[PDB]
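Consider the single chain below, provided in structure tokens and representing the form deposited in one PDB entry.
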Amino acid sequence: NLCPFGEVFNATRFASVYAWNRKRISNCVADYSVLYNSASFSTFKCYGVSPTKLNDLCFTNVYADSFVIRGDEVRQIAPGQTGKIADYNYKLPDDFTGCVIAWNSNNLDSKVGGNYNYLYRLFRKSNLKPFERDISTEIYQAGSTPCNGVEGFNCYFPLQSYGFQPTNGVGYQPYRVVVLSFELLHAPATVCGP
């Protein structure tokens, strides 16, 4: 009854950050030593808990959120951070408890001529609330006049493509990010460690 963290990290395809994928973990035992001992991760930052004792704790609800972002934007997946990705695509609460894991995926998500299948939200009316997902593709009115469904003067499409090319710098190369959120409620803690 091992927790299926394998199909999250080892998944062939990842989702866009604006449409970040979420997997629910329940009724299993999780061996976190497989994760924090593997040096295949560029960033591994845990808030409210360190990974070493994660094998001795039990939680009620675990969420694994997978997406792909820019390298120089991995710093934005953290509590109390501001920026395009944090404010408009994926927000973390200031009281976040859990881990953020990110690794370079240039060999998998980049292609010659540009990979444009990954999108991110550029504009929004208000900052994103934590863990809230917005997949609306309506025209963003940037001020005085409305848009009527067309772009142009102060009227832009909310989503923009990333354009991942393999010869780009580490700051432009794609990175795959998994956010493990641990939640303790007045509900039975179904996940545990060995």
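Superpose the two forms; the largest set of C-alphas matching within 1.5 Å is the rigid core. From 1 onward, residues are counted along the sequence shown.
The stretch 152 to 160 shows the higher mean C-alpha B-factor when 165 to 173 is compared against 152 to 160 in the entry.
Here 51 to 59 and 122 to 130 are compared by their mean Cα B-factor, and 51 to 59 comes out higher. Of the candidates 29, 135, 64, 69, the PDB record gives 29 the highest C-alpha temperature factor.
Of the candidates 19, 179, 185, 25, the PDB record gives 185 the highest C-alpha temperature factor. Ranked by C-alpha B-factor against the other modelled residues of its chain, residue 43 falls in the middle third.
The following text describes the form deposited in another entry, which does not appear among the structures shown.
In a core superposition between the shown form and the other one, the Cα of 154 is the only one among 26, 167, 154, 127 shifting by 2 Å or more. After superposing the rigid core, the C-alpha of residue 136 moves by less than 2 Å between the shown form and the other one. Positional change of residue 37 between the shown form and the other one stays under 2 Å at the C-alpha, relative to the superposed core.
Relative to the superposed rigid core, the position of the CA of residue 11 differs between the shown form and the other one by less than 2 Å.
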